[PDB]
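Numbers and lists here come from the model and the stated rules, or from a named source; nothing here is a laboratory result. Every residue, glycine among them, receives a Cβ derived from its backbone with ideal geometry; neighbour counts consider all protein chains shown.
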Ligand code: FEC
């Protein structure tokens, strides 16, 4: 008997024509205006037309399945992809697990940090789906940024970039560690997300040769409420004003793949600012399906499985 591996991620439009219904899902079912739709479509156009997130997410889910199954023979894992905002939805994945006779599953979100807005919603939807179906039992992983191989992965990528910076400009180099912003109100109830990002930045910092670092947030939404900051664009300007850094290295460690909110919100919007101030822009490769990242996820899931049994 197999163990279901429910791999959850945000989702991305497969076709240009999917953007409207995808955006409507993000907006809790309320259809955005033509102006809002045009702006989002323009951002997808600016990164090449569509996001590669769908193919990367598949490569991560099935690469994880293979890493687990090749490394042991206590159990057979079978991966099921469940997405937040487009088919196959979380609910579709849980239904396929049930139809296939899966009775026990482990779930993981392709985002290493926990928050009430992100991972908690994934877990709630998966559990409510399985409850209405009668199975499988879903054993949820909430976060995994503490995994040492995850920290070392990011540190290695940062050090490889730092080694190509002129030795006498390393003192003028800063590491910007970021993740997707959320409404500032989550701080009012001690949601762990801001502290988990600070811990990740601290863990990475002690393993890199870059002498300066700062925590920032990116991709805040179109609401009328305050969001966690500073925003990476605003922080870049402020740090240049204060310290005149020559190199900015962006690691949006809240994310695990190259998608719209790295290819646009870092590689376009942050580079606009470094260009304005006369500094150099650096953004190390995202984890994607690199074997080192697949080994991070394998360690996480296998530790979870070993602790259930
Ligand atoms: C948190 C979080 C993550 C990371 C965890 C995860 O991966 O699930 C996260 C991850 C992603 C990822 C990738 C993408 C890129 C998809 C792609 O097609 O490449 C991605 C894309 C978008 N998100 Fe996203 N998100 N996200 C929010 C929170 C999170 N989001 C909140 C909150 C809102 C605000 C919703 C609202 O308007 O009411 C929100 C809105 C958007 C919009 C709408 C336009 C915009 O705001 O710029 C787009 C597009």
Would segment 217-229 turn up any residue that is more than 16 Å from the ligand (Cβ to nearest atom) and surrounded by 21 or more Cβ atoms within 10 Å (Cβ to Cβ)? no
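With respect to residue 197, determine if the residue is surrounded by 14 or more Cβ atoms within 10 Å (Cβ to Cβ) and either closer than 30 Å to residue 80 by Cα or without any contact (Cβ under 8 Å) to a residue 60 or more places away in the chain (or both).
yes
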Taking residue 267, is it surrounded by fewer than 21 Cβ atoms within 10 Å (Cβ to Cβ), closer than 27 Å to residue 62 by Cβ, touching a strand residue (DSSP E or B) at 6+ places or on another chain (Cβ under 9 Å) and outside the structural domain of residue 40 (by CATH)? yes
In this structure, does residue 238 turn out to be within 16 Å of the ligand (Cβ to nearest atom), out of contact with any helix residue (DSSP H, G or I) (no Cβ under 8 Å at 6 or more places or on another chain), farther than 20 Å from residue 143 by Cα and part of a helix (DSSP H, G or I)? no
Per the filter on segment 130-182, residues over 30 Å from residue 79 (Cα atoms) and crowded, with 16+ Cβ neighbours inside 10 Å are 158, 161, 162, 165, 170, 172, 173, 174, 175, 176, 177
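Can you pull out every residue in segment 172-187 that is within 16 Å of the ligand (Cβ to nearest atom), closer than 26 Å to residue 246 by Cα and in a strand (DSSP E or B)?
Those that are within 16 Å of the ligand (Cβ to nearest atom), closer than 26 Å to residue 246 by Cα and in a strand (DSSP E or B): 177, 178, 179, 180.
Tell me, which helices (runs of 4 or more DSSP H) wholly within segment 1-98 include 1 or more residues that are buried (at least 21 other Cβ atoms within 10 Å of the Cβ) and away from the ligand (no atom under 14 Å from the Cβ)?
The qualifying helices (runs of 4 or more DSSP H) are 53-71.
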In segment 274-295, which residues are loosely packed, with under 13 Cβ neighbours inside 10 Å and within 16 Å of residue 65 (Cβ to Cβ)? 291
